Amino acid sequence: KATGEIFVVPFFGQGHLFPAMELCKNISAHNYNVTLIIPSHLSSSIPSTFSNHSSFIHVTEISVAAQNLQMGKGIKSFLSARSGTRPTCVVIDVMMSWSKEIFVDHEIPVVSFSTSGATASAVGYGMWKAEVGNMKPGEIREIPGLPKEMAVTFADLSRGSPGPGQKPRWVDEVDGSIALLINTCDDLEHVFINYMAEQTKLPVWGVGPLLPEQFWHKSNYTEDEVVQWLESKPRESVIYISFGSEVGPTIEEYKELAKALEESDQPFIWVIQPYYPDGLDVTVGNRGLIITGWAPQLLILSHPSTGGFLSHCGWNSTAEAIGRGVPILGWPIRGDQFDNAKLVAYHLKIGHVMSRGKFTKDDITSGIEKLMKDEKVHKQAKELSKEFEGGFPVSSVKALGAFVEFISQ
């Protein structure tokens, strides 16, 4: 019982906490006592489901008011007060790497954890090594070690914190660790996981995507009402449109989207976040749902009436769509979303990217029409999703087990 103790230091915000909680549950399944180290003032952000999951899952609260100097102090006292067994390792979100030196002084091996895909980290590193910053228009710079379709164009240099060609933040965040765990699986990003391993010279394992277990609030409509609507449309006829909660297109571009949906004959669900497309809901009758508030994204993506996903290509949305075989129409806005869009459209070939500044109504009608009619990407998306039906991907299960073998020798 309890082969060892493994600590985990999550990052709170941007969707880093839940992946970490899922990684805790998966690690504990290998007979490890996993402890999540958090600031006390955020204790409420952890559901009772995690605390009472099992006797191998624990939460330690470091007393913090509400910068992170108090954290480091409390982590120091916590490690020094422990009377248990020396922990086998600590898993630190790369965004919490400032605390690495504390666990190094206590002689605890440090494992880095990235909650996003490997493609964005790998392409970011490659762009920096290929000095894409000095690219000229019309030039195309392939990244050695990565697929040719990921080659950088001068247009890629514009992405609405570190820009293309700059040293990505993960390099120094991972420096000092003995291994790197990424929230992905070989089925999704094999070539980029390997690239990450070859450049860092550390073992890199894909132990995700760490999605809610169901994968295997205020709103315009209710869950049952949305399903009712989906049940009334033909198979794979609905395009789900959502830019998440962080960022979105310009107001001018949103109007173009509105005009496109009004002219087209395609059923759609358009989720909007605090703009409003007035009165699109009236003009289109029941061909479209304009959901204000939050929408049941997992229900929508898993419904057989959903045949496309217009997404900003954030990693979580991308992984959910891939796991359900819903092709993506990529409208990336910021950060890693651009490399995620390249992944689906050019590497995995399970989607397309909006093309042809600012996108016009015609560009949006063309892109929605091309995606929903593309039988190749639909067949490819469904084929790839078969690896995600029946349970956690086998690659992630073996990868995590390979990691457990590594940190225990």
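A residue's number is simply how far along the shown sequence it sits, counting from 1.
A.B. asks: Missing residues between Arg356 and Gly357 in the deposited sequence, please: none, 1 to 3, 4 to 9, or 10 or more.
C.D. replies: In the deposited sequence, 4 to 9 residues between these two have no coordinates.
A.B. asks: Where do the C-alpha atoms have the higher mean temperature factor in this entry, in 304-312 or in 99-107?
C.D. replies: Result: 99-107.
A.B. asks: With respect to the recorded C-alpha B factors, which stretch has the higher mean value, 293-301 or 318-326?
C.D. replies: That would be 293-301.
A.B. asks: Just grab whichever of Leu202, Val171, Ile272, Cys89 has the top CA B-factor as deposited.
C.D. replies: Of the options given, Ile272 has the highest CA B-factor in the PDB entry.
A.B. asks: Just the C-alpha B-factor column, please: which of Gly176, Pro209, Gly244, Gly145 has the biggest number?
C.D. replies: Highest C-alpha B-factor among the listed residues goes to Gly244.
A.B. asks: By the recorded C-alpha temperature factor, relative to the other modelled residues in its chain, which third is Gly74 in?
C.D. replies: For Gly74, whose C-alpha B-factor we compare with every modelled residue in the chain, the answer is the highest third.
A.B. asks: Sorting the chain's modelled residues by C-alpha B-factor, tell me whether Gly248 ends up in the lowest, middle or highest third.
C.D. replies: According to the entry, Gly248 has a C-alpha B-factor in the chain's highest third.
A.B. asks: When the deposited Cα B-factors of this chain's modelled residues are ordered and cut into thirds, is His347 in the lowest, the middle or the highest one?
C.D. replies: It belongs to the lowest third of the chain when residues are ordered by C-alpha B-factor.
A.B. asks: Should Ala341 be placed in the lowest, middle or highest third of its chain by the C-alpha B factor in the entry?
C.D. replies: Ranked within chain, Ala341 CA B lands in the lowest tercile.
A.B. asks: Can you tell me whether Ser219 has a C-alpha B-factor in the lowest, middle or highest third compared with the other modelled residues of the same chain?
C.D. replies: It falls in the top third of the chain.
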